[PDB]
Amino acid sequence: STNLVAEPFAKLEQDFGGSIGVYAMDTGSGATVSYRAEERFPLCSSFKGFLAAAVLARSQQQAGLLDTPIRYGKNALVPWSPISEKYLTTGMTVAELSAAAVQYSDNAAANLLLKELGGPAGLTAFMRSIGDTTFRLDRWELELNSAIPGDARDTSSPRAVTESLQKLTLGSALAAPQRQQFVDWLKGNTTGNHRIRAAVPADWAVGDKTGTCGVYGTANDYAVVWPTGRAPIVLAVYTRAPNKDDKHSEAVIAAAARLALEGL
């Protein structure tokens, strides 16, 4: 990946104080926009999108998986598990857990689904199975948010995120019903209104999955975007910063997303 008009990104990055990672593709034209697209960034909660897709893939082999109820315990409830906490007394189905992980970044739901898939190694294996050799999940919630500079655990690249997202939402990695369900969950996300969505024209449909580590200025968003009458755009925007106390910036994510969309 290159970019011969990178200076707007470089200037945004300098103003941010950290590192910005962008990859965007117009699936109609094959045009792309790149900045640190090959460099590793922490996934934070953005892994939860791929987790839901992995669950949907498994559902293609196990009938009834999505409808299976899980009666989880109180000590499954790690901080920021708003749906799992609300539904603790009833339990939740696998489908509901997937929707909560995607649309609310629900931490307990993600861990419960990781367990059904064989842990971080199992999700990493799923990603390897669709041709993604960059993605690695190593730890569970909340430990995977440590976001330590240079630590390759729980990281991917903006390009590999975008490519895998395209395969699962638009390609043939998932069967058609599973694929539509994944897209529908992403379109229903509630956590992303100040990130990529804030850069997309009001009349374009969007689904997205955010991540926020809470340390080292580290936060992100990826999305499928449907321009009027066109094939969709798929993009990923990731950030990090060198100091543990550096604040993440949603505005920086939105601005980088806008630069990518304008570049296309």
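The numbering used is simple: start at 1 and walk along the sequence shown.
- For the pair 173 to 181 and 190 to 198, the record assigns the higher mean C-alpha temperature factor to 173 to 181.
- Look at the mean CA B-factor for 208 to 216 and for 50 to 58 in the entry; the higher one is 50 to 58.
- Going by the entry's values, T68 shows the largest Cα B-factor out of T239, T68, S34, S45.
- Of the candidates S129, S84, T155, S164, the one whose C-alpha carries the top B factor in the deposited record is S129.
- Ranked by Cα temperature factor within the chain, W80 sits in the highest third according to the deposited record.
- In the deposited entry, the Cα temperature factor of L235 places it in the lowest third of its chain's modelled residues.
- Among all modelled residues in this chain, the alpha-carbon of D203 has a temperature factor (C-alpha) in the highest third.
- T93: CA B factor in the middle third of modelled residues in this chain (values from the PDB entry).
- Per the PDB record, residue ranking by Cα B-factor puts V225 in the middle third of the chain.
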